[PDB]
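Trainee: Would you mind keeping the following structure in view while I ask a few things?
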Amino acid sequence: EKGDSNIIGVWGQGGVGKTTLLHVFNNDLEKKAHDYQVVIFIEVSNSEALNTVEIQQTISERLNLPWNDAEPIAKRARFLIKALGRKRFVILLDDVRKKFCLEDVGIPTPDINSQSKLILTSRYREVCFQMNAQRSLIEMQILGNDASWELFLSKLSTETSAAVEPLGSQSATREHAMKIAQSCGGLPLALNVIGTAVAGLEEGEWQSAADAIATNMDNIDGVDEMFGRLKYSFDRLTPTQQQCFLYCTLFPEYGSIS
Amino acid sequence: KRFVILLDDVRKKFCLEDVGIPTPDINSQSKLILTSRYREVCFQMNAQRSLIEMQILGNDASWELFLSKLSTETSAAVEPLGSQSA
Amino acid sequence: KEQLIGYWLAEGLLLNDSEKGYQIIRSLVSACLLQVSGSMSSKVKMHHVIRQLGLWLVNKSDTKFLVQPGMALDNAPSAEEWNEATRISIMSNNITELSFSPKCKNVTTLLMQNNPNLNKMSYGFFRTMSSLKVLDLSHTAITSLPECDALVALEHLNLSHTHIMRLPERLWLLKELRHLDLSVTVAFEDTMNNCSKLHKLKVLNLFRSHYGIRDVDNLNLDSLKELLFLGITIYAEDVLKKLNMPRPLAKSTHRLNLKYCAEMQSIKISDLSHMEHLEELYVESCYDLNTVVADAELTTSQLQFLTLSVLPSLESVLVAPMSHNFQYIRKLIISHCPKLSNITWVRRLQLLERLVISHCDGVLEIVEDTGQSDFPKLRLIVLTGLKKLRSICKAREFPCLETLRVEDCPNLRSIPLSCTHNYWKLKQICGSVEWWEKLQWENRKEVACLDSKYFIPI
Ligand SMILES: Nc1ncnc2c1ncn2[C@@H]1O[C@H](COP(=O)(O)OP(=O)(O)OP(=O)(O)O)[C@@H](O)[C@H]1O
């Protein structure tokens, strides 16, 4: 509402909630009153190769434009630059993984003289700096202590939640469930996956699962595809950076190193 | 529309919005009923708070199911009561 | 679940992780391949069609199994069928003689549990069992066991409830052994001093065994450097005060049996506070035992299952009113105690789940003289042989109970169960009609209601 720069960048680790933030922000615009005319949501996460074609398809479909399939990409980009310049637009870019030129995809870069805005989310602060969003960066932080717990509770079945929800009656199962929740580090993706994995835990099994979750996470359901999802930030690295990152994993947990 | 969608034997977690089905919420009257052999799939698809287990058939209902599967003359040997036979 | 996970650990399917076995069991029960069933979820079972599917898949596989359990077999199967099989199971059969020496080169598992009459196993039976990893002879009648120097790779050996008296010396040369169980071995009397050569062992169990560490001379278990969990029978106060110091041999015990206890007329949980892993206590034939102290001083150890059996002089146990070490109790078994006359403390047991009261005519009532019931988490009640019991307890709400069973109780006047409760968890009730005649009722409709709803005659 108030920021001077018209390009806004949101950055955070994988699974912190950037895409969900964009969803809840786009859905929130239809509730309030605003001067903007189109709110376009674009998924650049499809690839790092920048598939121009379906991004232009989304922009044209969102602008009530006819899809001239045989038109060259550059001509369509110029046409979209002309078209988007006539409207006060908001474009929400999702998980942009490389620097890409907006004018080659059809999006005009918003400037001070224009009311249009452009919000992009990415795991890398370097990308948000490359896309001229340095003066309006936001860090997407992990969830709080209580919000993470009440997210974990909603992920459990009714009978299972009936064991860890109640207070007044005191038992160690609440402590074990809280230990499992804290093992997720407040990462919403972690809360979802871990709560789904242990959504049907019986009363007597919480102890062993909580004890094992503190040391390893290979035997728990659904975490393999989690690490596959989060692994791209590691695969992007050069081999020296990969070795330097793995070298840091052998330091003690919960311990800051110099 | 207030829809009811009945999914049969879903074997992996899949995104409803990718197939076109909007996930129903409290604000909407729409319902979505899915059946699967695995409780893990039903938990992955956000059905944890409304799960039902399909239990096996009862002692008598299974027997009368078995009777209807036999031929007429064969059933005539195991149907009758009063007369006792092995 | 625990027994199956033990085998999954010995077989090498689990990389020394029990939680991995629990995860596998849960994955199977979530795919409907196994069913959790019983008075407690600790037991799993297979549906009949699913078991037939498993057998069909085994037959379709290239690794043969020899599977004949529960078949009421009167004689052992032909030794020629044992050639190519890898898993052998002779559970719950009536096998009486095992004389042949099989050719089981590829076998990695032998099960003979619940063979009540198998007592003559031919010497040299294990000659070809070099790769045998799991060997179970539980609940069999063997008194001697064939030499086993050929068992190079054995890691699990169970002999619970068997009549083995002396244990052959070849076991101390089994370098790969990891778990050895001889619990409830009535006839076992062989010294374990050679267990020091069994360095690799991780678990050793002698719970309720008639023989154990009768004197400090056999307290050399500090040589068991790899040990994690142990259960043994302690016989004297001086042994306890030799073990009442913080060290692994004292804290590694998860359960104790107390039999022929000398000079232990009284015992306090504070004395057991150094046993940080202890969870179950068994007291049998402690002639001079008089009182027990259930202190308010809490312990990291969580007492879960207790069994008081054949105690001719125990009188009372002092339990604190506000906080106590018993609040983590799950199972209570009270048996054969004629002079015990104080069990009022049970009403403070809010996590209690199982009740077993038998042959204790000294107990007048289970509970004699917060808006909460005294048994909020109770599941099972078992009553047997009480010739002088009056009633269980005062009128309280029992909605979470699952099953009630009363047998041979011609003196029981009434039960706290009533139609005032809401019931969905009460699965069944089993008992005698004479007890129903002698039963007092809160309402005269309960004569027919509690009969037509849950009562199952014996
Ligand atoms: N505030 C929140 N409450 C509940 N769940 C949340 C919240 N924020 C995020 N999530 C969950 O996080 C999961 C991970 O997807 P999400 O859209 O959050 O990823 P992201 O932050 O965009 O990361 P990346 O795109 O790098 O994978 C989603 O399935 C969503 O349910």
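To be explicit about the labels: the chains of the structure tokens are called A, B, and onward in the order shown, and within each one the residues are counted from 1, while ligands get numbers from 1 in the order they are shown.
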Mind checking which residues fall within 12 Å of region 243-249 of chain A, counting only C-alpha atoms, ignoring those fewer than 6 positions away in the same chain, and posting them as a VMD selection string?
Mentor: chain A and resid 233 to 235 237 255 to 258
Trainee: Restricted to C-alpha atoms, what would the selected residues look like written as a short mmCIF file (atom, residue, chain, number, x, y, z; two decimals), in the first residue's frame?
Mentor:
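Result went into again_9.cif, see below:
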```
data_model
loop_
_atom_site.label_atom_id
_atom_site.label_comp_id
_atom_site.auth_asym_id
_atom_site.auth_seq_id
_atom_site.Cartn_x
_atom_site.Cartn_y
_atom_site.Cartn_z
CA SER A 233 18.28 -25.20 -3.51
CA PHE A 234 21.19 -27.62 -3.02
CA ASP A 235 21.39 -28.81 -6.64
CA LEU A 237 24.96 -24.87 -5.94
CA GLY A 255 24.44 -24.78 17.94
CA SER A 256 25.59 -21.61 16.22
CA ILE A 257 29.04 -21.78 14.64
CA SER A 258 31.41 -18.95 13.77
#
```
Trainee: Tell me, as a tab-separated table (two decimals) with N, CA and C atoms, in the first residue's frame, which residues lie within 9 Å of residue 43 (chain B), counting only C-alpha atoms; anything in the same chain fewer than 2 positions away does not count.
Mentor:
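The result, stored in part08.tsv:
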```
chain	number	residue	atom	x	y	z
A	155	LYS	N	-3.60	-31.28	11.85
A	155	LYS	CA	-3.18	-32.31	10.93
A	155	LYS	C	-3.43	-33.72	11.46
A	156	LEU	N	-3.87	-33.86	12.70
A	156	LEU	CA	-4.07	-35.16	13.31
A	156	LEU	C	-5.53	-35.59	13.22
A	157	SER	N	-5.75	-36.90	13.23
A	157	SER	CA	-7.10	-37.44	13.19
A	157	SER	C	-7.84	-37.11	14.49
A	196	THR	N	0.89	-35.21	9.01
A	196	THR	CA	0.21	-36.22	8.21
A	196	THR	C	0.79	-37.61	8.46
A	197	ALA	N	2.12	-37.69	8.62
A	197	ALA	CA	2.75	-38.98	8.87
A	197	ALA	C	2.29	-39.60	10.19
A	199	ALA	N	-0.48	-38.75	11.87
A	199	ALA	CA	-1.87	-38.38	12.10
A	199	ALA	C	-2.68	-39.50	12.75
A	200	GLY	N	-2.22	-40.74	12.66
A	200	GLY	CA	-2.96	-41.86	13.20
A	200	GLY	C	-2.23	-42.60	14.30
B	38	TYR	N	-5.90	-47.33	1.70
B	38	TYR	CA	-4.85	-46.88	2.61
B	38	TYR	C	-5.35	-45.70	3.43
B	39	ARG	N	-5.19	-45.80	4.75
B	39	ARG	CA	-5.51	-44.68	5.63
B	39	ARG	C	-4.54	-43.53	5.42
B	40	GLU	N	-3.31	-43.82	4.98
B	40	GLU	CA	-2.34	-42.76	4.74
B	40	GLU	C	-2.80	-41.82	3.63
B	41	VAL	N	-3.41	-42.37	2.58
B	41	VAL	CA	-3.93	-41.53	1.50
B	41	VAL	C	-5.07	-40.66	2.01
B	45	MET	N	-5.08	-36.50	1.93
B	45	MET	CA	-6.09	-35.71	1.24
B	45	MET	C	-6.99	-34.93	2.20
B	46	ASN	N	-6.51	-34.62	3.40
B	46	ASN	CA	-7.20	-33.76	4.36
B	46	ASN	C	-8.54	-34.33	4.81
B	47	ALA	N	-8.67	-35.65	4.88
B	47	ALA	CA	-9.88	-36.29	5.37
B	47	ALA	C	-9.71	-36.90	6.76
B	48	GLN	N	-8.76	-36.41	7.55
B	48	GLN	CA	-8.47	-37.03	8.84
B	48	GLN	C	-9.63	-36.88	9.82
B	49	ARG	N	-10.33	-35.75	9.80
B	49	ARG	CA	-11.36	-35.49	10.79
B	49	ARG	C	-12.70	-36.15	10.46
B	51	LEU	N	-12.91	-39.65	8.96
B	51	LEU	CA	-12.55	-40.96	8.43
B	51	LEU	C	-13.49	-42.04	8.96
```
Trainee: Counting only C-alpha atoms, which residues from chain C have an atom at most 10 Å from any atom of chain B, and could you show them as an MDAnalysis selection string?
Mentor: chainID C and resid 27:33 47
Trainee: Next, the residues of the selection above should be written as a PDB file, in the first residue's frame with N, CA and C atoms.
Mentor:
```
ATOM      1  N   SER C  27       2.573 -49.012   8.899  1.00  0.00           N
ATOM      2  CA  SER C  27       2.336 -48.938   7.462  1.00  0.00           C
ATOM      3  C   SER C  27       1.505 -50.122   6.990  1.00  0.00           C
ATOM      4  N   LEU C  28       1.787 -51.312   7.525  1.00  0.00           N
ATOM      5  CA  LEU C  28       1.002 -52.486   7.163  1.00  0.00           C
ATOM      6  C   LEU C  28      -0.437 -52.364   7.646  1.00  0.00           C
ATOM      7  N   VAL C  29      -0.639 -51.861   8.866  1.00  0.00           N
ATOM      8  CA  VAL C  29      -1.999 -51.759   9.388  1.00  0.00           C
ATOM      9  C   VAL C  29      -2.751 -50.616   8.720  1.00  0.00           C
ATOM     10  N   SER C  30      -2.033 -49.644   8.153  1.00  0.00           N
ATOM     11  CA  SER C  30      -2.672 -48.570   7.403  1.00  0.00           C
ATOM     12  C   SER C  30      -3.016 -48.970   5.977  1.00  0.00           C
ATOM     13  N   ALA C  31      -2.396 -50.023   5.449  1.00  0.00           N
ATOM     14  CA  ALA C  31      -2.739 -50.571   4.145  1.00  0.00           C
ATOM     15  C   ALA C  31      -3.698 -51.748   4.252  1.00  0.00           C
ATOM     16  N   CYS C  32      -4.218 -52.013   5.450  1.00  0.00           N
ATOM     17  CA  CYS C  32      -5.151 -53.096   5.751  1.00  0.00           C
ATOM     18  C   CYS C  32      -4.541 -54.478   5.565  1.00  0.00           C
ATOM     19  N   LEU C  33      -3.214 -54.577   5.477  1.00  0.00           N
ATOM     20  CA  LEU C  33      -2.579 -55.886   5.406  1.00  0.00           C
ATOM     21  C   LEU C  33      -2.473 -56.547   6.773  1.00  0.00           C
ATOM     22  N   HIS C  47      -5.983 -60.901   8.591  1.00  0.00           N
ATOM     23  CA  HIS C  47      -7.251 -61.440   8.122  1.00  0.00           C
ATOM     24  C   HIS C  47      -7.002 -62.740   7.366  1.00  0.00           C
TER      25      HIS C  47
END
```
Trainee: Could you tell me which of A:96, A:178, A:172, A:16 comes closest to chain C if we count only C-alpha atoms?
Mentor: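 Ranked by minimum distance to chain C, first place goes to A:172.
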Trainee: Using only C-alpha atoms, which chain A residues lie at most 10 Å away from chain C, written as a list in words?
Mentor: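 Result: residues 169, 171, 172, 198, 200, 201, 202, 203, 204, 205, 207, 208, 209, 210, 211, 212, 213, 218, 219, 220 and 221 of chain A.
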Trainee: Write a file of the selected residues as a PDB file, in the first residue's frame, keeping N, CA and C atoms.
Mentor:
```
ATOM      1  N   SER A 169      -6.093 -32.751  32.383  1.00  0.00           N
ATOM      2  CA  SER A 169      -5.554 -34.098  32.454  1.00  0.00           C
ATOM      3  C   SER A 169      -4.160 -34.111  31.841  1.00  0.00           C
ATOM      4  N   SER A 171      -0.495 -35.914  30.833  1.00  0.00           N
ATOM      5  CA  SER A 171       0.201 -37.134  30.449  1.00  0.00           C
ATOM      6  C   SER A 171       1.333 -36.758  29.503  1.00  0.00           C
ATOM      7  N   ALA A 172       2.298 -37.670  29.373  1.00  0.00           N
ATOM      8  CA  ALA A 172       3.503 -37.389  28.602  1.00  0.00           C
ATOM      9  C   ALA A 172       3.270 -37.398  27.097  1.00  0.00           C
ATOM     10  N   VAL A 198       2.136 -38.776  11.224  1.00  0.00           N
ATOM     11  CA  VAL A 198       1.797 -39.275  12.552  1.00  0.00           C
ATOM     12  C   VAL A 198       0.352 -38.932  12.894  1.00  0.00           C
ATOM     13  N   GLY A 200      -2.215 -40.742  12.657  1.00  0.00           N
ATOM     14  CA  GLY A 200      -2.961 -41.861  13.200  1.00  0.00           C
ATOM     15  C   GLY A 200      -2.233 -42.605  14.299  1.00  0.00           C
ATOM     16  N   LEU A 201      -1.316 -41.923  14.982  1.00  0.00           N
ATOM     17  CA  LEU A 201      -0.548 -42.551  16.049  1.00  0.00           C
ATOM     18  C   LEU A 201      -1.456 -42.922  17.212  1.00  0.00           C
ATOM     19  N   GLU A 202      -1.319 -44.152  17.698  1.00  0.00           N
ATOM     20  CA  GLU A 202      -2.060 -44.571  18.879  1.00  0.00           C
ATOM     21  C   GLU A 202      -1.452 -43.956  20.133  1.00  0.00           C
ATOM     22  N   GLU A 203      -2.143 -44.150  21.259  1.00  0.00           N
ATOM     23  CA  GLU A 203      -1.749 -43.495  22.503  1.00  0.00           C
ATOM     24  C   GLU A 203      -0.361 -43.931  22.959  1.00  0.00           C
ATOM     25  N   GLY A 204      -0.072 -45.228  22.886  1.00  0.00           N
ATOM     26  CA  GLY A 204       1.161 -45.764  23.425  1.00  0.00           C
ATOM     27  C   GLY A 204       2.387 -45.656  22.548  1.00  0.00           C
ATOM     28  N   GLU A 205       2.236 -45.217  21.301  1.00  0.00           N
ATOM     29  CA  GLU A 205       3.350 -45.182  20.363  1.00  0.00           C
ATOM     30  C   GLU A 205       4.039 -43.821  20.304  1.00  0.00           C
ATOM     31  N   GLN A 207       5.701 -42.175  22.369  1.00  0.00           N
ATOM     32  CA  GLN A 207       7.015 -42.118  23.006  1.00  0.00           C
ATOM     33  C   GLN A 207       8.128 -42.501  22.039  1.00  0.00           C
ATOM     34  N   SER A 208       8.004 -43.660  21.390  1.00  0.00           N
ATOM     35  CA  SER A 208       9.065 -44.135  20.509  1.00  0.00           C
ATOM     36  C   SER A 208       9.215 -43.251  19.278  1.00  0.00           C
ATOM     37  N   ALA A 209       8.097 -42.819  18.692  1.00  0.00           N
ATOM     38  CA  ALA A 209       8.159 -41.939  17.531  1.00  0.00           C
ATOM     39  C   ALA A 209       8.824 -40.616  17.882  1.00  0.00           C
ATOM     40  N   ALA A 210       8.464 -40.040  19.033  1.00  0.00           N
ATOM     41  CA  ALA A 210       9.088 -38.794  19.463  1.00  0.00           C
ATOM     42  C   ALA A 210      10.572 -38.974  19.740  1.00  0.00           C
ATOM     43  N   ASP A 211      10.957 -40.096  20.348  1.00  0.00           N
ATOM     44  CA  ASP A 211      12.371 -40.338  20.613  1.00  0.00           C
ATOM     45  C   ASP A 211      13.160 -40.481  19.317  1.00  0.00           C
ATOM     46  N   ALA A 212      12.597 -41.173  18.325  1.00  0.00           N
ATOM     47  CA  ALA A 212      13.333 -41.417  17.088  1.00  0.00           C
ATOM     48  C   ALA A 212      13.362 -40.179  16.198  1.00  0.00           C
ATOM     49  N   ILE A 213      12.332 -39.333  16.283  1.00  0.00           N
ATOM     50  CA  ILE A 213      12.261 -38.169  15.402  1.00  0.00           C
ATOM     51  C   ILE A 213      13.331 -37.146  15.757  1.00  0.00           C
ATOM     52  N   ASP A 218      14.502 -40.518   8.152  1.00  0.00           N
ATOM     53  CA  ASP A 218      14.421 -41.307   6.926  1.00  0.00           C
ATOM     54  C   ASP A 218      13.332 -42.369   7.009  1.00  0.00           C
ATOM     55  N   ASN A 219      12.928 -42.750   8.218  1.00  0.00           N
ATOM     56  CA  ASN A 219      11.953 -43.813   8.422  1.00  0.00           C
ATOM     57  C   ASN A 219      10.523 -43.302   8.537  1.00  0.00           C
ATOM     58  N   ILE A 220      10.294 -42.010   8.327  1.00  0.00           N
ATOM     59  CA  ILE A 220       8.985 -41.395   8.511  1.00  0.00           C
ATOM     60  C   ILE A 220       8.373 -41.114   7.145  1.00  0.00           C
ATOM     61  N   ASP A 221       7.080 -41.406   7.016  1.00  0.00           N
ATOM     62  CA  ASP A 221       6.405 -41.374   5.724  1.00  0.00           C
ATOM     63  C   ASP A 221       6.340 -39.961   5.155  1.00  0.00           C
TER      64      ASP A 221
END
```
Trainee: Residues within 7 Å of ligand 1 should be enumerated using only C-alpha atoms and all ligand atoms and returned as a PyMOL selection string.
Mentor: chain A and resi 13-21+95+123+151+188-189+192+229-230
Trainee: Just C-alpha atoms for this one: save the residues we selected as an mmCIF file, in the first residue's frame.
Mentor:
```cif
data_model
loop_
_atom_site.group_PDB
_atom_site.id
_atom_site.type_symbol
_atom_site.label_atom_id
_atom_site.label_comp_id
_atom_site.auth_asym_id
_atom_site.auth_seq_id
_atom_site.Cartn_x
_atom_site.Cartn_y
_atom_site.Cartn_z
ATOM 1 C CA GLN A 13 13.354 -21.048 2.573
ATOM 2 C CA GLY A 14 11.485 -23.817 0.773
ATOM 3 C CA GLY A 15 8.123 -24.574 2.343
ATOM 4 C CA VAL A 16 7.964 -21.447 4.509
ATOM 5 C CA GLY A 17 4.705 -20.281 2.909
ATOM 6 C CA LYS A 18 5.554 -17.925 0.043
ATOM 7 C CA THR A 19 3.087 -19.432 -2.442
ATOM 8 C CA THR A 20 0.441 -19.676 0.276
ATOM 9 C CA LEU A 21 1.171 -16.039 1.109
ATOM 10 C CA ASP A 95 9.089 -19.049 -7.229
ATOM 11 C CA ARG A 123 13.986 -18.792 -2.335
ATOM 12 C CA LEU A 151 -1.019 -26.184 12.816
ATOM 13 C CA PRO A 188 4.874 -25.153 7.494
ATOM 14 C CA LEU A 189 5.839 -27.822 4.960
ATOM 15 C CA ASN A 192 2.159 -30.612 7.233
ATOM 16 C CA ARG A 229 11.251 -30.803 -3.067
ATOM 17 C CA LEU A 230 13.795 -28.919 -0.941
#
```
Trainee: For each of B:6, B:70, B:61, B:19, take the minimum atom-to-atom distance to residue 35 (chain B), counting only C-alpha atoms, then give the residue where this is smallest.
Mentor: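 Smallest separation from residue 35 (chain B) among the options: B:6.
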Trainee: Using only C-alpha atoms, determine which residues lie at most 10 Å from residue 110 (chain C), disregarding the query and same-chain residues fewer than 6 positions distant; provide the list as a list in words.
Mentor: residues 66, 86, 87, 88, 89, 90, 91, 129, 132, 133, 134, 135, 136, 137 and 157 of chain C
Trainee: Can those selected residues be exported to a file as a PDB file, in the first residue's frame so that it contains N, CA and C atoms?
Mentor:
```pdb
ATOM      1  N   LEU C  66       8.456 -73.018   4.717  1.00  0.00           N
ATOM      2  CA  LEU C  66       7.786 -74.171   5.303  1.00  0.00           C
ATOM      3  C   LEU C  66       6.892 -73.671   6.428  1.00  0.00           C
ATOM      4  N   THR C  86      13.518 -71.417   3.632  1.00  0.00           N
ATOM      5  CA  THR C  86      14.280 -70.412   4.365  1.00  0.00           C
ATOM      6  C   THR C  86      13.658 -70.043   5.701  1.00  0.00           C
ATOM      7  N   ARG C  87      12.336 -70.106   5.815  1.00  0.00           N
ATOM      8  CA  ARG C  87      11.633 -69.854   7.064  1.00  0.00           C
ATOM      9  C   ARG C  87      10.843 -71.095   7.456  1.00  0.00           C
ATOM     10  N   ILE C  88      11.012 -71.536   8.698  1.00  0.00           N
ATOM     11  CA  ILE C  88      10.323 -72.706   9.228  1.00  0.00           C
ATOM     12  C   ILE C  88       9.474 -72.272  10.411  1.00  0.00           C
ATOM     13  N   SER C  89       8.222 -72.719  10.434  1.00  0.00           N
ATOM     14  CA  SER C  89       7.322 -72.396  11.530  1.00  0.00           C
ATOM     15  C   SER C  89       6.515 -73.630  11.898  1.00  0.00           C
ATOM     16  N   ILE C  90       6.624 -74.045  13.160  1.00  0.00           N
ATOM     17  CA  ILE C  90       5.907 -75.210  13.668  1.00  0.00           C
ATOM     18  C   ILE C  90       5.138 -74.783  14.915  1.00  0.00           C
ATOM     19  N   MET C  91       4.711 -73.521  14.942  1.00  0.00           N
ATOM     20  CA  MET C  91       3.995 -72.972  16.088  1.00  0.00           C
ATOM     21  C   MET C  91       2.751 -73.784  16.425  1.00  0.00           C
ATOM     22  N   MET C 129      22.375 -75.729  10.538  1.00  0.00           N
ATOM     23  CA  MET C 129      21.662 -74.482  10.784  1.00  0.00           C
ATOM     24  C   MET C 129      22.631 -73.312  10.911  1.00  0.00           C
ATOM     25  N   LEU C 132      21.042 -69.992  10.507  1.00  0.00           N
ATOM     26  CA  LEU C 132      19.869 -69.749  11.339  1.00  0.00           C
ATOM     27  C   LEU C 132      20.055 -68.495  12.184  1.00  0.00           C
ATOM     28  N   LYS C 133      19.204 -67.491  11.973  1.00  0.00           N
ATOM     29  CA  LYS C 133      19.333 -66.226  12.685  1.00  0.00           C
ATOM     30  C   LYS C 133      18.339 -66.080  13.828  1.00  0.00           C
ATOM     31  N   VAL C 134      17.138 -66.632  13.691  1.00  0.00           N
ATOM     32  CA  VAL C 134      16.120 -66.570  14.734  1.00  0.00           C
ATOM     33  C   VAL C 134      15.750 -67.992  15.125  1.00  0.00           C
ATOM     34  N   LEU C 135      15.845 -68.294  16.416  1.00  0.00           N
ATOM     35  CA  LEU C 135      15.516 -69.617  16.932  1.00  0.00           C
ATOM     36  C   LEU C 135      14.629 -69.443  18.153  1.00  0.00           C
ATOM     37  N   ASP C 136      13.395 -69.928  18.069  1.00  0.00           N
ATOM     38  CA  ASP C 136      12.424 -69.788  19.145  1.00  0.00           C
ATOM     39  C   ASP C 136      11.946 -71.165  19.584  1.00  0.00           C
ATOM     40  N   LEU C 137      12.102 -71.458  20.873  1.00  0.00           N
ATOM     41  CA  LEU C 137      11.599 -72.693  21.458  1.00  0.00           C
ATOM     42  C   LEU C 137      10.727 -72.384  22.664  1.00  0.00           C
ATOM     43  N   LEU C 157      17.660 -65.889  20.397  1.00  0.00           N
ATOM     44  CA  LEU C 157      17.373 -67.204  20.952  1.00  0.00           C
ATOM     45  C   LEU C 157      16.417 -67.041  22.122  1.00  0.00           C
TER      46      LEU C 157
END
```
Trainee: Apply DSSP to the backbone of this structure and, from region 38-212 of chain A, keep only the residues in helix (DSSP H, G or I); write these as JSON, numbers by chain.
Mentor: {"A": [44, 45, 46, 52, 53, 54, 55, 56, 57, 58, 59, 60, 61, 62, 73, 74, 75, 76, 77, 78, 79, 80, 81, 82, 83, 84, 102, 103, 104, 125, 126, 127, 128, 129, 130, 134, 135, 136, 145, 146, 147, 148, 149, 150, 151, 152, 153, 154, 158, 159, 160, 161, 162, 163, 164, 172, 173, 174, 175, 176, 177, 178, 179, 180, 181, 182, 188, 189, 190, 191, 192, 193, 194, 195, 196, 197, 203, 204, 205, 206, 207, 208, 209, 210, 211, 212]}
Trainee: Determine, counting only C-alpha atoms, which protein, DNA and RNA residues have an atom within 12 Å of an atom of residue 29 (chain B); residues of the same chain fewer than 2 positions away are not included. Present the result as a PyMOL selection string.
Mentor: chain B and resi 1-4+23-27+31-32
Trainee: How about saving the chosen residues, N, CA, C and O atoms kept, as a PDB file, in the first residue's frame?
Mentor:
```pdb
ATOM      1  N   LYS B   1     -21.854 -24.377  -7.923  1.00  0.00           N
ATOM      2  CA  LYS B   1     -22.862 -25.378  -7.611  1.00  0.00           C
ATOM      3  C   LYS B   1     -22.510 -26.107  -6.322  1.00  0.00           C
ATOM      4  O   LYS B   1     -21.337 -26.267  -5.979  1.00  0.00           O
ATOM      5  N   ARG B   2     -23.549 -26.544  -5.611  1.00  0.00           N
ATOM      6  CA  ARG B   2     -23.378 -27.395  -4.440  1.00  0.00           C
ATOM      7  C   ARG B   2     -23.170 -28.835  -4.886  1.00  0.00           C
ATOM      8  O   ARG B   2     -24.138 -29.584  -5.050  1.00  0.00           O
ATOM      9  N   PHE B   3     -21.920 -29.235  -5.084  1.00  0.00           N
ATOM     10  CA  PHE B   3     -21.623 -30.522  -5.693  1.00  0.00           C
ATOM     11  C   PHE B   3     -21.297 -31.577  -4.644  1.00  0.00           C
ATOM     12  O   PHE B   3     -20.907 -31.267  -3.516  1.00  0.00           O
ATOM     13  N   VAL B   4     -21.472 -32.836  -5.035  1.00  0.00           N
ATOM     14  CA  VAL B   4     -20.961 -33.988  -4.305  1.00  0.00           C
ATOM     15  C   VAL B   4     -20.150 -34.821  -5.284  1.00  0.00           C
ATOM     16  O   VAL B   4     -20.678 -35.268  -6.307  1.00  0.00           O
ATOM     17  N   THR B  23     -11.318 -27.780  -3.693  1.00  0.00           N
ATOM     18  CA  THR B  23     -11.446 -28.397  -2.384  1.00  0.00           C
ATOM     19  C   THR B  23     -12.571 -27.718  -1.607  1.00  0.00           C
ATOM     20  O   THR B  23     -12.582 -26.482  -1.495  1.00  0.00           O
ATOM     21  N   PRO B  24     -13.563 -28.461  -1.127  1.00  0.00           N
ATOM     22  CA  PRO B  24     -14.649 -27.837  -0.370  1.00  0.00           C
ATOM     23  C   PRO B  24     -14.165 -27.326   0.978  1.00  0.00           C
ATOM     24  O   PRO B  24     -13.260 -27.882   1.603  1.00  0.00           O
ATOM     25  N   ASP B  25     -14.794 -26.242   1.424  1.00  0.00           N
ATOM     26  CA  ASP B  25     -14.438 -25.620   2.689  1.00  0.00           C
ATOM     27  C   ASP B  25     -15.710 -25.376   3.488  1.00  0.00           C
ATOM     28  O   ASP B  25     -16.820 -25.652   3.029  1.00  0.00           O
ATOM     29  N   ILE B  26     -15.528 -24.851   4.702  1.00  0.00           N
ATOM     30  CA  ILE B  26     -16.653 -24.645   5.610  1.00  0.00           C
ATOM     31  C   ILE B  26     -17.662 -23.672   5.021  1.00  0.00           C
ATOM     32  O   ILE B  26     -18.875 -23.839   5.197  1.00  0.00           O
ATOM     33  N   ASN B  27     -17.187 -22.641   4.318  1.00  0.00           N
ATOM     34  CA  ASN B  27     -18.085 -21.661   3.719  1.00  0.00           C
ATOM     35  C   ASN B  27     -19.002 -22.274   2.668  1.00  0.00           C
ATOM     36  O   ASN B  27     -20.125 -21.791   2.485  1.00  0.00           O
ATOM     37  N   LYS B  31     -19.617 -31.185  -0.800  1.00  0.00           N
ATOM     38  CA  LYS B  31     -19.015 -32.315  -0.111  1.00  0.00           C
ATOM     39  C   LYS B  31     -18.134 -33.084  -1.082  1.00  0.00           C
ATOM     40  O   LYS B  31     -18.310 -33.006  -2.300  1.00  0.00           O
ATOM     41  N   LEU B  32     -17.182 -33.829  -0.530  1.00  0.00           N
ATOM     42  CA  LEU B  32     -16.267 -34.641  -1.321  1.00  0.00           C
ATOM     43  C   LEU B  32     -15.982 -35.923  -0.558  1.00  0.00           C
ATOM     44  O   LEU B  32     -15.405 -35.881   0.533  1.00  0.00           O
TER      45      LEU B  32
END
```
Trainee: Enumerate the residues of region 24-68 of chain B with a DSSP assignment of strand (DSSP E), computed from the backbone, and present them as an MDAnalysis selection string.
Mentor: chainID B and resid 31:34
Trainee: Do a neighbour search on residue 203 (chain C) at 12 Å with only C-alpha atoms, toss out local chain neighbours closer than 4 positions, and write the hits as a list in words.
Mentor: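 Result of the neighbour search: residues 6, 9, 10, 155, 156, 157, 158, 177, 178, 179, 180, 181, 182, 195, 198, 199, 221, 224, 225, 226, 227, 228, 229, 230, 231, 232, 252, 253 and 254 of chain C.
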